[PDB]
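Peer 1: Okay, handing you the structure first.
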Amino acid sequence: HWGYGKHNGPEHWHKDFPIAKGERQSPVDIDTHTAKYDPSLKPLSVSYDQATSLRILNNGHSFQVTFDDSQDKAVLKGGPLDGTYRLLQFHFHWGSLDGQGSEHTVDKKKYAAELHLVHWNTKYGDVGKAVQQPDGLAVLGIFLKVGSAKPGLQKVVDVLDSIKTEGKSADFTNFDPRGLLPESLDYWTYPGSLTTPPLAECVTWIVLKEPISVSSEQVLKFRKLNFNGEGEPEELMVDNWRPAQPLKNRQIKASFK
Ligand SMILES: NS(=O)(=O)c1ccc(NC(=O)Nc2cccc([N+](=O)[O-])c2)cc1
Ligand SMILES: [Zn+2]
């Protein structure tokens with residue numbers, strides 16, 4: 001199956017998922033001088049006070065923290081969005097080196113990592129229905145640069161030893177995702193897709209202008225994870241990012257001036 005190596009990586013995905021070459025693929029480069037300020041964009045409403053985390057999981061492509069989405073507990077609304085989107089999971093994409101690790105780029109600049117907080121539109125009832133809809137998902141993207149540690153990330157870093165290999169999961173209750181957010185909620189937005197197979201074109205992307213800083217020790221522990229499962233030849237989980245895709249007939253809008 002698909003992965004991020006030479007023989008199964010992003011250049012191969014279109015053979016199993018021809019939408020890889022579609023009209024609204026993600027990620028993209030954010031050209032800040034070409035994105036237009038849109039005064040009609042409302043502020044984002046990130047309501048994570050009641051968030052209920054469940055498990056942390058190595059899925060062989062990233063690690064993921066899942067949340068209870070059976071009620072409106074942690075929701076995203078406002079911004080470019082209509083209606084209510086429930087937080088389902090977050091995961092990261094990161095590099096083998098600090099100069100690469102993000103999927104979106106900003107004026108071609110690559111960040112060391114990128115956080116994706118994945119939400120689905122409650123009008124569609126369940127995630128599986130939502131991924132079949134052009135407005136089914138909203139993913140909040142947050143860039144990571146290497147500098148000072150991010151305290152709200154350390155509980156995640158602390159547990160990665162226990163999910164080293166594909167298929168491992170662990171209890172990860174009572175985690176507060178508000179500690180992963182930067183100060184400003186200024187954002188860029190555009191219509192796009194999942195950045196992993198099936199690459200469904202179901203995502204309103206909301207990418208925050210302000211990166212969070214993480215320490216070298218924190219991102220180092222990302223790079224200790226493995227793509228393989230236990231008892232297999234070790235391949236470090238690094239460079240699990242899809243490169244920027246053609247913007248095609250799309251406008252990136254900015255919530256700020
Ligand atoms: N890398 S990304 O563009 O932010 C992305 C987000 C979501 C998916 N797909 C899913 O999350 N599917 C899914 C469907 C049901 C339940 C869960 N989950 O337990 O996290 C996940 C793929 C790529
Ligand atoms: Zn992602």
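Ordering of the structure tokens sets the chain letters (A, B, ...); residue numbers start at 1 within each chain; ligands are numbered from 1 in the order shown.
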Write out as a JSON list (two decimals) with N, CA, C and O atoms, in the first residue's frame the residues lying within 12 Å of residue 206 in chain A, counting only C-alpha atoms and excluding same-chain residues fewer than 3 positions away.
Peer 2:
[["chain", "number", "residue", "atom", "x", "y", "z"],
["A", 26, "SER", "N", -4.80, 19.20, -1.81],
["A", 26, "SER", "CA", -4.04, 19.80, -0.73],
["A", 26, "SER", "C", -2.80, 18.93, -0.48],
["A", 26, "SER", "O", -2.82, 17.74, -0.79],
["A", 27, "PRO", "N", -1.73, 19.51, 0.08],
["A", 27, "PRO", "CA", -1.62, 20.91, 0.51],
["A", 27, "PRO", "C", -1.27, 21.82, -0.66],
["A", 27, "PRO", "O", -1.07, 21.31, -1.77],
["A", 30, "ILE", "N", 1.09, 28.74, 0.14],
["A", 30, "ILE", "CA", 0.34, 29.95, 0.44],
["A", 30, "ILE", "C", 1.21, 31.13, 0.03],
["A", 30, "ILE", "O", 2.20, 31.47, 0.69],
["A", 41, "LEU", "N", -15.03, 37.50, 6.09],
["A", 41, "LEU", "CA", -14.73, 36.35, 6.93],
["A", 41, "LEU", "C", -14.94, 36.69, 8.40],
["A", 41, "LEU", "O", -14.33, 37.63, 8.92],
["A", 43, "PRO", "N", -14.63, 35.88, 12.52],
["A", 43, "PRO", "CA", -13.59, 35.23, 13.33],
["A", 43, "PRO", "C", -13.90, 33.75, 13.52],
["A", 43, "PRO", "O", -15.06, 33.33, 13.52],
["A", 44, "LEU", "N", -12.83, 32.97, 13.62],
["A", 44, "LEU", "CA", -12.97, 31.58, 14.02],
["A", 44, "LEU", "C", -13.49, 31.46, 15.44],
["A", 44, "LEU", "O", -13.12, 32.22, 16.33],
["A", 45, "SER", "N", -14.28, 30.42, 15.64],
["A", 45, "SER", "CA", -14.78, 30.05, 16.95],
["A", 45, "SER", "C", -14.25, 28.65, 17.23],
["A", 45, "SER", "O", -14.77, 27.68, 16.69],
["A", 46, "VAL", "N", -13.21, 28.57, 18.06],
["A", 46, "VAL", "CA", -12.64, 27.30, 18.48],
["A", 46, "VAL", "C", -13.13, 27.05, 19.91],
["A", 46, "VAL", "O", -12.72, 27.74, 20.84],
["A", 76, "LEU", "N", -15.58, 23.45, 16.01],
["A", 76, "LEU", "CA", -15.07, 24.58, 15.27],
["A", 76, "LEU", "C", -16.24, 25.19, 14.51],
["A", 76, "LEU", "O", -17.05, 24.46, 13.93],
["A", 77, "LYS", "N", -16.37, 26.51, 14.56],
["A", 77, "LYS", "CA", -17.37, 27.16, 13.73],
["A", 77, "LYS", "C", -16.89, 28.57, 13.39],
["A", 77, "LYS", "O", -15.77, 28.96, 13.74],
["A", 78, "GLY", "N", -17.73, 29.30, 12.67],
["A", 78, "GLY", "CA", -17.32, 30.62, 12.25],
["A", 78, "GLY", "C", -16.28, 30.55, 11.15],
["A", 78, "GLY", "O", -16.19, 29.57, 10.40],
["A", 79, "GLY", "N", -15.48, 31.61, 11.06],
["A", 79, "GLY", "CA", -14.55, 31.74, 9.96],
["A", 79, "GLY", "C", -15.28, 31.67, 8.64],
["A", 79, "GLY", "O", -16.30, 32.33, 8.43],
["A", 80, "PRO", "N", -14.79, 30.83, 7.72],
["A", 80, "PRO", "CA", -15.51, 30.61, 6.46],
["A", 80, "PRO", "C", -16.61, 29.57, 6.58],
["A", 80, "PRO", "O", -17.28, 29.28, 5.58],
["A", 81, "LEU", "N", -16.81, 28.99, 7.75],
["A", 81, "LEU", "CA", -17.64, 27.81, 7.89],
["A", 81, "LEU", "C", -19.11, 28.19, 8.11],
["A", 81, "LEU", "O", -19.42, 29.21, 8.71],
["A", 104, "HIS", "N", 1.55, 22.35, 4.03],
["A", 104, "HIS", "CA", 1.46, 23.68, 3.45],
["A", 104, "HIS", "C", 2.79, 24.38, 3.57],
["A", 104, "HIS", "O", 3.60, 24.07, 4.45],
["A", 115, "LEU", "N", 0.61, 20.56, 12.38],
["A", 115, "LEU", "CA", -0.49, 19.98, 13.14],
["A", 115, "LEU", "C", -1.80, 20.13, 12.39],
["A", 115, "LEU", "O", -2.13, 21.22, 11.93],
["A", 116, "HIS", "N", -2.57, 19.04, 12.31],
["A", 116, "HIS", "CA", -3.88, 19.02, 11.70],
["A", 116, "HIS", "C", -4.91, 18.59, 12.73],
["A", 116, "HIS", "O", -4.82, 17.47, 13.25],
["A", 117, "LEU", "N", -5.84, 19.49, 13.05],
["A", 117, "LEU", "CA", -6.97, 19.24, 13.94],
["A", 117, "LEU", "C", -8.18, 19.02, 13.03],
["A", 117, "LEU", "O", -8.62, 19.95, 12.34],
["A", 118, "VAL", "N", -8.68, 17.79, 12.98],
["A", 118, "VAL", "CA", -9.62, 17.37, 11.94],
["A", 118, "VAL", "C", -11.03, 17.41, 12.52],
["A", 118, "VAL", "O", -11.29, 16.77, 13.55],
["A", 119, "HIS", "N", -11.94, 18.14, 11.85],
["A", 119, "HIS", "CA", -13.31, 18.34, 12.30],
["A", 119, "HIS", "C", -14.28, 17.93, 11.19],
["A", 119, "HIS", "O", -13.98, 18.12, 10.01],
["A", 137, "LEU", "N", -15.59, 18.38, 5.79],
["A", 137, "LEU", "CA", -14.54, 18.49, 6.80],
["A", 137, "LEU", "C", -14.02, 19.91, 6.87],
["A", 137, "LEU", "O", -14.07, 20.66, 5.90],
["A", 138, "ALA", "N", -13.51, 20.27, 8.05],
["A", 138, "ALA", "CA", -12.72, 21.49, 8.24],
["A", 138, "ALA", "C", -11.48, 21.09, 9.02],
["A", 138, "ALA", "O", -11.59, 20.49, 10.09],
["A", 139, "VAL", "N", -10.31, 21.32, 8.45],
["A", 139, "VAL", "CA", -9.06, 20.96, 9.12],
["A", 139, "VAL", "C", -8.34, 22.24, 9.48],
["A", 139, "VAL", "O", -8.11, 23.09, 8.61],
["A", 140, "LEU", "N", -8.01, 22.38, 10.75],
["A", 140, "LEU", "CA", -7.28, 23.52, 11.26],
["A", 140, "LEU", "C", -5.80, 23.14, 11.24],
["A", 140, "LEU", "O", -5.40, 22.18, 11.90],
["A", 141, "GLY", "N", -5.02, 23.87, 10.44],
["A", 141, "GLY", "CA", -3.61, 23.56, 10.27],
["A", 141, "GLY", "C", -2.76, 24.57, 11.02],
["A", 141, "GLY", "O", -3.00, 25.77, 10.97],
["A", 142, "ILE", "N", -1.74, 24.07, 11.73],
["A", 142, "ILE", "CA", -0.91, 24.91, 12.58],
["A", 142, "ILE", "C", 0.54, 24.53, 12.33],
["A", 142, "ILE", "O", 0.91, 23.36, 12.49],
["A", 143, "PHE", "N", 1.35, 25.51, 11.94],
["A", 143, "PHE", "CA", 2.75, 25.22, 11.66],
["A", 143, "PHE", "C", 3.56, 25.11, 12.94],
["A", 143, "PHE", "O", 3.29, 25.82, 13.92],
["A", 185, "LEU", "N", -5.53, 33.79, 16.17],
["A", 185, "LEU", "CA", -6.31, 32.93, 15.30],
["A", 185, "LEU", "C", -6.46, 33.48, 13.89],
["A", 185, "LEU", "O", -7.37, 33.05, 13.17],
["A", 186, "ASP", "N", -5.61, 34.43, 13.50],
["A", 186, "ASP", "CA", -5.55, 34.87, 12.11],
["A", 186, "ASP", "C", -5.25, 33.69, 11.20],
["A", 186, "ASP", "O", -4.39, 32.85, 11.51],
["A", 187, "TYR", "N", -5.91, 33.64, 10.03],
["A", 187, "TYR", "CA", -5.82, 32.42, 9.23],
["A", 187, "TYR", "C", -5.91, 32.72, 7.73],
["A", 187, "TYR", "O", -6.42, 33.77, 7.31],
["A", 188, "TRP", "N", -5.40, 31.78, 6.94],
["A", 188, "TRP", "CA", -5.71, 31.67, 5.51],
["A", 188, "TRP", "C", -6.74, 30.56, 5.31],
["A", 188, "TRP", "O", -6.81, 29.63, 6.11],
["A", 189, "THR", "N", -7.54, 30.65, 4.24],
["A", 189, "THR", "CA", -8.51, 29.59, 3.99],
["A", 189, "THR", "C", -8.70, 29.38, 2.50],
["A", 189, "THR", "O", -8.73, 30.35, 1.72],
["A", 190, "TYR", "N", -8.95, 28.15, 2.14],
["A", 190, "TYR", "CA", -9.14, 27.73, 0.78],
["A", 190, "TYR", "C", -9.81, 26.36, 0.75],
["A", 190, "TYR", "O", -9.71, 25.68, 1.71],
["A", 191, "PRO", "N", -10.49, 26.01, -0.34],
["A", 191, "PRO", "CA", -11.11, 24.67, -0.43],
["A", 191, "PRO", "C", -10.09, 23.65, -0.95],
["A", 191, "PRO", "O", -9.44, 23.89, -1.97],
["A", 192, "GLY", "N", -10.01, 22.50, -0.30],
["A", 192, "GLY", "CA", -8.99, 21.52, -0.63],
["A", 192, "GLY", "C", -9.41, 20.10, -0.33],
["A", 192, "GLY", "O", -10.60, 19.76, -0.42],
["A", 193, "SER", "N", -8.44, 19.26, 0.03],
["A", 193, "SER", "CA", -8.66, 17.82, 0.15],
["A", 193, "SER", "C", -7.96, 17.28, 1.39],
["A", 193, "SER", "O", -7.14, 17.95, 2.01],
["A", 203, "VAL", "N", -12.56, 19.12, 2.15],
["A", 203, "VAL", "CA", -11.97, 19.85, 3.27],
["A", 203, "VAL", "C", -12.01, 21.35, 3.01],
["A", 203, "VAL", "O", -11.49, 21.83, 1.99],
["A", 209, "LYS", "N", -1.92, 31.70, 10.58],
["A", 209, "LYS", "CA", -0.73, 32.50, 10.26],
["A", 209, "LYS", "C", 0.41, 32.27, 11.25],
["A", 209, "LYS", "O", 1.58, 32.18, 10.86],
["A", 252, "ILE", "N", -6.88, 31.75, -2.42],
["A", 252, "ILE", "CA", -6.68, 31.69, -0.97],
["A", 252, "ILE", "C", -7.09, 33.03, -0.38],
["A", 252, "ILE", "O", -6.62, 34.08, -0.81],
["A", 253, "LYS", "N", -7.97, 32.99, 0.62],
["A", 253, "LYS", "CA", -8.41, 34.20, 1.31],
["A", 253, "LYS", "C", -7.73, 34.32, 2.68],
["A", 253, "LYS", "O", -7.43, 33.32, 3.33],
["A", 254, "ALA", "N", -7.49, 35.55, 3.11],
["A", 254, "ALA", "CA", -6.89, 35.83, 4.41],
["A", 254, "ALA", "C", -7.91, 36.52, 5.31],
["A", 254, "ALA", "O", -8.68, 37.36, 4.83],
["A", 255, "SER", "N", -7.91, 36.16, 6.60],
["A", 255, "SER", "CA", -8.83, 36.77, 7.56],
["A", 255, "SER", "C", -8.27, 38.07, 8.13],
["A", 255, "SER", "O", -8.99, 38.80, 8.82]]
Peer 1: Quick one: pick out all helix (DSSP H, G or I) residues within range 134-209 of chain A from a backbone DSSP run and write them as an MDAnalysis selection string.
Peer 2: chainID A and resid 151:163 177:180
Peer 1: What do you get as a list in words if you pick all residues at most 6 Å from ligand 1, counting only C-alpha atoms and all ligand atoms?
Peer 2: residues 66, 88, 89, 116, 118, 127, 128, 139, 194, 195 and 196 of chain A
Peer 1: Quick one: residues within 8 Å of range 222-238 of chain A, only C-alpha atoms, excluding same-chain residues fewer than 6 positions away - as a ChimeraX atom specification?
Peer 2: /A:60-62,94-96,157,160-161,163-167
Peer 1: Save the residues we just selected, N, CA, C and O atoms, as a PDB file, in the first residue's frame?
Peer 2:
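Okay, this is what ended up in part.pdb:
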ATOM      1  N   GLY A  60       0.812   3.908  11.403  1.00  0.00           N
ATOM      2  CA  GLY A  60       1.727   3.595  10.330  1.00  0.00           C
ATOM      3  C   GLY A  60       2.047   4.732   9.379  1.00  0.00           C
ATOM      4  O   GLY A  60       2.985   4.595   8.585  1.00  0.00           O
ATOM      5  N   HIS A  61       1.302   5.843   9.424  1.00  0.00           N
ATOM      6  CA  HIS A  61       1.576   7.029   8.613  1.00  0.00           C
ATOM      7  C   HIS A  61       1.815   8.278   9.450  1.00  0.00           C
ATOM      8  O   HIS A  61       2.452   9.219   8.967  1.00  0.00           O
ATOM      9  N   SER A  62       1.313   8.307  10.675  1.00  0.00           N
ATOM     10  CA  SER A  62       1.425   9.421  11.612  1.00  0.00           C
ATOM     11  C   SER A  62       1.080   8.861  12.992  1.00  0.00           C
ATOM     12  O   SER A  62       0.877   7.652  13.141  1.00  0.00           O
ATOM     13  N   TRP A  94       5.767  15.678   9.782  1.00  0.00           N
ATOM     14  CA  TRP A  94       7.039  16.259  10.180  1.00  0.00           C
ATOM     15  C   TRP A  94       8.142  15.720   9.286  1.00  0.00           C
ATOM     16  O   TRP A  94       7.943  14.782   8.500  1.00  0.00           O
ATOM     17  N   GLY A  95       9.329  16.321   9.432  1.00  0.00           N
ATOM     18  CA  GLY A  95      10.446  16.054   8.558  1.00  0.00           C
ATOM     19  C   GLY A  95      11.558  15.274   9.250  1.00  0.00           C
ATOM     20  O   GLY A  95      11.550  15.027  10.457  1.00  0.00           O
ATOM     21  N   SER A  96      12.519  14.863   8.430  1.00  0.00           N
ATOM     22  CA  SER A  96      13.761  14.312   8.951  1.00  0.00           C
ATOM     23  C   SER A  96      14.724  15.400   9.421  1.00  0.00           C
ATOM     24  O   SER A  96      15.653  15.110  10.187  1.00  0.00           O
ATOM     25  N   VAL A 157       4.386  14.143  23.669  1.00  0.00           N
ATOM     26  CA  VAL A 157       5.755  13.669  23.523  1.00  0.00           C
ATOM     27  C   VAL A 157       6.061  12.573  24.547  1.00  0.00           C
ATOM     28  O   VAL A 157       6.649  11.538  24.209  1.00  0.00           O
ATOM     29  N   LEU A 160       4.956   8.861  23.402  1.00  0.00           N
ATOM     30  CA  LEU A 160       5.259   8.281  22.095  1.00  0.00           C
ATOM     31  C   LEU A 160       6.112   7.016  22.205  1.00  0.00           C
ATOM     32  O   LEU A 160       6.061   6.158  21.312  1.00  0.00           O
ATOM     33  N   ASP A 161       6.892   6.875  23.286  1.00  0.00           N
ATOM     34  CA  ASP A 161       7.644   5.635  23.522  1.00  0.00           C
ATOM     35  C   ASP A 161       6.739   4.412  23.541  1.00  0.00           C
ATOM     36  O   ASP A 161       7.166   3.315  23.156  1.00  0.00           O
ATOM     37  N   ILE A 163       3.953   3.918  21.823  1.00  0.00           N
ATOM     38  CA  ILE A 163       3.306   3.610  20.547  1.00  0.00           C
ATOM     39  C   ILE A 163       4.336   3.682  19.423  1.00  0.00           C
ATOM     40  O   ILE A 163       4.084   4.270  18.366  1.00  0.00           O
ATOM     41  N   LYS A 164       5.502   3.070  19.643  1.00  0.00           N
ATOM     42  CA  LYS A 164       6.619   3.231  18.714  1.00  0.00           C
ATOM     43  C   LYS A 164       6.270   2.747  17.309  1.00  0.00           C
ATOM     44  O   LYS A 164       6.667   3.369  16.316  1.00  0.00           O
ATOM     45  N   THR A 165       5.536   1.638  17.205  1.00  0.00           N
ATOM     46  CA  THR A 165       5.349   0.932  15.943  1.00  0.00           C
ATOM     47  C   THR A 165       3.882   0.921  15.524  1.00  0.00           C
ATOM     48  O   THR A 165       2.977   1.037  16.352  1.00  0.00           O
ATOM     49  N   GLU A 166       3.668   0.772  14.213  1.00  0.00           N
ATOM     50  CA  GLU A 166       2.329   0.724  13.628  1.00  0.00           C
ATOM     51  C   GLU A 166       1.406  -0.225  14.381  1.00  0.00           C
ATOM     52  O   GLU A 166       1.767  -1.375  14.640  1.00  0.00           O
ATOM     53  N   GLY A 167       0.203   0.258  14.712  1.00  0.00           N
ATOM     54  CA  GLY A 167      -0.794  -0.538  15.399  1.00  0.00           C
ATOM     55  C   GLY A 167      -0.846  -0.362  16.910  1.00  0.00           C
ATOM     56  O   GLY A 167      -1.875  -0.685  17.524  1.00  0.00           O
TER      57      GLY A 167
END
Peer 1: Just the strand (DSSP E) stuff from range 87-208 of chain A, please, per backbone DSSP, written as a ChimeraX atom specification.
Peer 2: /A:87-94,105-106,113-121,137-146,169-171,187-192,203-208
Peer 1: Rank A:9, A:182, A:134, A:3 by their smallest atom-to-atom distance to residue 150 in chain A, using only C-alpha atoms, and report the top residue only.
Peer 2: A:182
